[PDB]
Amino acid sequence: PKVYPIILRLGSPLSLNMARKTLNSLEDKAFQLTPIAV
Amino acid sequence: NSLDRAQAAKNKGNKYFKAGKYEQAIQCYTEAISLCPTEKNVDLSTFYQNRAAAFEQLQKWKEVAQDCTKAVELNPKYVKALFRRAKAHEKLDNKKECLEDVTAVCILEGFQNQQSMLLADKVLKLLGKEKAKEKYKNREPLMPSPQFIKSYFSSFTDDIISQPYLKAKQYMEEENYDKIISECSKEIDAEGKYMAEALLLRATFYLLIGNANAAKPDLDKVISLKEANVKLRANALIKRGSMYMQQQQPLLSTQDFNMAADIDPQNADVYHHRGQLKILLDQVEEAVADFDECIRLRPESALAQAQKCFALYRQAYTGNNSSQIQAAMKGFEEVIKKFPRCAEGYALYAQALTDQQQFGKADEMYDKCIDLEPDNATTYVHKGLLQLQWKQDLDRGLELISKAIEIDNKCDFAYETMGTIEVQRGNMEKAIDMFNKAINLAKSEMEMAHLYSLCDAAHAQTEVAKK
């Protein structure tokens, strides 16, 4: 797959940092899964 | 004759192109273009794209560009001409025109061809960084949410700043946060009784505001100053080690995080912030060992036991051992029954469940977090992002994240998320507005460069929608 920088939030709950690490993948699919592209 | 002479002239181009005789090849393609029977609707676009290929070998990037444009005007879905024109744009530093041509190519290839995808990603990163550095020079020093600052300082146990600068401490406990920098700046230029730690309180609020360039001299002084409490020296190395990670300098970051554990070996905050970093770098085995050292120093802590359990889940999950993955899953319920008010136990467990596709159980764990803390806006965001995975029901995904934005209008994770929903709905103008609302809450160039890649892909699909 793609590789992204480790964009730390400062002193945040580890669940929030693991959530930003996930949203990068939903952003990747969002531009392929859209009506303009289909 | 009429078609045959043009086809012959194309192959007379091909023989000279194979010979590397590129001028003679261009003359034969120019013969084909002159000889073509346009009244028969011959596919003249192919002669122009063939002519354009030879001008890459001569590296006349304006000529390959304009001969691809001739092919595209005759034949608007011809992928070879669009991709060759994109490469020519990149060489001419026409990055925006490259992005629009590669966006059309990705769409017309169904995103399958990874040569197109690599050029899109590179050009988006360069466009991203150029927009990011010019905005980041001009940003507001925007103070984050009070819920965020209280959650932040609740991460540091073994720290003279958090536990109880002497003027500044009043405004921390009264939450007048925008005063803190001003007091620390006059408690420096005084005796070490104030100065030696006013530096580190000031350096902490520069980091919270995203002003990392102003943080680095106040940290560098605190390391260099010999008489200051060893726990400030260790705490400053956590904050320098983190600053280097925003700069993506992992070797310099690692050197500081090791010096902290050499300098003050009986300090939980050093192993806590090392543990949280090592598990984001996916160096999982070092994270488990540093979280275990947090429990050794804080055995009564609910958070330390939640975190070590998530680290053993990530260790099993970077493996593929089903027995170890299932053992780690039960480990979160053992944490929850021991610590039934541990909100981060439910949030981390919900993410292990989310990741194991157990969406309906994960959703209940996010409800339990709302019962335990109604002010936690990010749970409505983790519940909204769950909808985007839980058979993608985008309609109610908006409603959840709208409620999240209403609880805390500074949650940049909420705006960035709802931007991707508006993208999946095709509503690109409102997606770009959501990403702009996230950009106005970024803390670094590294974050703005990522959000501007999203705006530029949304613009490029808006321009391809016309074509």
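Residue positions begin at 1 at the first shown residue.
Determined via electron microscopy, 3.0 Å.
Cβ coordinates come from backbone N, Cα and C, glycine included.
Between B:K77, B:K193, B:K239, the residue that has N6-acetyllysine written against it in Swiss-Prot is B:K77.
Spacing of B:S301 (phosphoserine) relative to B:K77 (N6-acetyllysine) is 62 Å (Cα to Cα, whole number). Cβ neighbour count within 10 Å across all protein chains ranks B:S301 highest among the modified residues B:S2, B:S301. You'll find the Cα of B:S2 (phosphoserine) roughly 26 Å from the Cα of B:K77 (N6-acetyllysine). Cβ neighbours within 10 Å of B:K77 (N6-acetyllysine), excluding its own Cβ and spanning all shown chains: 10. Flanking an unmodelled run of 25 residues are B:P164 and B:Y165, whose Cα atoms lie 12 Å from one another. Residues 156, 158-159, 161, 200, 203-204, 207, 212, 215-216, 219-220, 222-223, 273-274, 277, 281, 297, 444, 446 of the same chain sit 6 or more residues outside the repeat 'TPR 5' (B:234-267) yet have a Cβ under 8 Å from a Cβ within it.
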